Amino acid sequence: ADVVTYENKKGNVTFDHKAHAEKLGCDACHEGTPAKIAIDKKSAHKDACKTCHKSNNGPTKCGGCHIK
Ligand code: HEC
Ligand code: HEC
Ligand code: HEC
């Protein structure tokens, strides 16, 4: 939408949608027609959030995405 959170026992991940859309484009996460994704811990840590977020900010194990 514009912002969503993936709630999880860990520490609810609030993820930029709007922001990431304007700064990055769309391509970032959706090539063709969007609809949803559902980024789970798997994809998230593997090839969704993480693949961009490889060498972004100072690494600090976690914290980057989970507000926990
Ligand atoms: C990665 C950082 C994203 C960017 C950049 C954009 N979108 Fe996205 N979108 C993303 C996810 C993870 C999801 C699913 C949310 C969930 O709860 O699993 C979505 C979903 C949409 C949807 C479906 C309706 C909704 O969930 O709001 C649409 C219509 C959509 N996205 C469109 C869209 C467009 C047009 C963007 C580029 C201009 C865009 N998204 C960027 C992740 C990301
Ligand atoms: C590469 C195209 C990206 C993808 C895919 C995701 N993120 Fe991202 N993120 C990206 C950049 C370049 C930035 C900086 C934005 C700016 O305008 O400066 C970010 C930042 C965030 C943040 C804030 C981090 C901070 O420094 O406070 C969050 C919370 C965040 N991103 C979360 C996030 C999640 C959970 C994603 C997967 C759904 C994700 N991002 C993908 C670039 C990219
Ligand atoms: C953004 C680049 C992230 C960083 C930094 C870390 N995590 Fe993450 N995680 C992220 C997302 C978008 C999601 C998907 C939503 C979901 O809840 O599946 C996750 C998910 C997890 C989970 C899920 C809960 C569970 O399986 O118990 C866990 C365990 C988790 N993340 C832990 C975790 C830790 C310990 C981190 C530092 C080593 C960490 N995450 C960083 C996004 C991001």
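Keep in mind that residues are numbered from 1 along each chain as the sequence reads, not by the entry's scheme, and that residues without coordinates are left out. Whichever chain is written first is A, and whichever ligand is written first is 1; the rest continue in order. The basis for the side-chain values is all heavy atoms of the structure; hydrogens and waters are excluded.

For this entry, the PDB record names solution NMR as the structure determination method.

1. Digging into the coordination of the iron atom of ligand 1
Where we set the bar: The donor set covers N, O and S atoms within 2.8 Å of the metal, switching to 3.2 Å for Na, K and Ca, and it leaves out water, so a site may look short of donors. Four donors are marked tetrahedral only if all angles between them lie between 85 and 135 degrees, whereas four are marked square planar and six octahedral if opposite donors are more than 155 degrees apart and the other angles lie between 65 and 115; the remainder are marked irregular. For helices the rule is a DSSP run of H or I covering at least 4 residues; for strands it is a run of E covering at least 2, with both sets numbered from the N terminus onward.
Within the protein, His-17 (NE2) and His-30 (NE2) serve as the donor atoms for the iron atom of ligand 1, at 1.9 Å. For the iron atom of ligand 1, the 6 donor atoms in the first shell make angles of 85 to 179° at the metal, so the coordination geometry reads as octahedral. Residue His-17 is found in the loop between β2 (13-16) and α1 (18-24), and its partner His-30 is found in the loop between α1 and α2 (41-46); the two are separated by 13 residues along the sequence.

2. Section: the side chain of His-66
In plain terms, the rule: Categorising residues by exposure relies on relative accessible area from a 1.4 Å probe, with only protein chains included: less than 20% of the type maximum marks a residue as buried, more than 50% marks it as exposed, and the intermediate range marks it as partly exposed. Within 3.5 Å is the distance limit for a polar contact, defined as a pair of N or O atoms, with the added protein rule that one can donate a hydrogen and the other accept it, and that residues adjacent in sequence qualify only through two side-chain atoms. Working rule for contacts: check all heavy atoms of both residues, and any pair within 4.5 Å makes them a contact.
Along the chain, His-66 turns up in the segment after α3 (49-52). Look at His-66 and you get buried, because its relative accessible area is 14%. From its side chain, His-66 meets the backbone oxygen of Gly-11 in a polar contact 2.7 Å long. Aside from chain neighbours lying at most four places away, what touches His-66 is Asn-8, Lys-10, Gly-11, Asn-12, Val-13 and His-45.

3. With respect to the pairing of β2
This is how the line gets drawn: Here, strands pair whenever DSSP counts at least two bridges between them.
Here β2 shows a buried face lined by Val-13 and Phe-15 and an unburied face lined by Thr-14 and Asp-16. In the sheet, strand β1 (residues 3-6) pairs with β2 via 4 bridges, with the strands oriented antiparallel. Directly across from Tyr-6, in β2, lies its bridge partner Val-13. Counting the residues between successive antiparallel strands, the hairpin from β1 to β2 contains 6 residues, one of them, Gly-11, with a positive phi of roughly 160°.

4. Topic: the site of ligand 1
Threshold: Near, as used in this document, describes a residue that has one of its heavy atoms within 4 Å of the molecule or strand being considered. Any residue outside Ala, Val, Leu, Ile, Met, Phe, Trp, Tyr, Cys, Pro, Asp, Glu, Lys and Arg is labelled polar, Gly included; the first ten of those are nonpolar and the last four are charged.
Lining the immediate surroundings of ligand 1 are 17 residues, of which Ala-1, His-17, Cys-26, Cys-29 and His-30 lie closest. Between ligand 1 and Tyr-6, the relevant distance is 2.6 Å, taken from an oxygen atom to a side-chain nitrogen or oxygen of the residue. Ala-38 places a main-chain nitrogen or oxygen 3.1 Å from an oxygen atom of ligand 1. Looking at the shell around ligand 1 residue by residue, the class counts come to 12 nonpolar, 4 polar and 1 charged.

5. Comments concerning the UniProt feature "binding site: heme 2" in the protein
For clarity, the threshold we go by: UniProt positions are given in the numbering used here, feature names are shortened, and annotations may be inferred rather than shown by experiment.
Taking the UniProt record as the reference, the feature "binding site: heme 2" is found at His-20, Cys-49, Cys-52 and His-53. Look at the named residues: they lie 34 residues apart in sequence, but the longest C-alpha span between them is just 12.3 Å, so in the fold they bunch up. You can see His-20 is positioned in helix α1. A relative accessible area of 30% places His-20 in the partly exposed class. Once residues lying within four places of it in the same chain are set aside, the contact partners of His-20 are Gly-25 and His-53. Looking at where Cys-52 falls in the secondary structure, it is placed in helix α3. A relative accessible area of 43% places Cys-52 in the partly exposed class.

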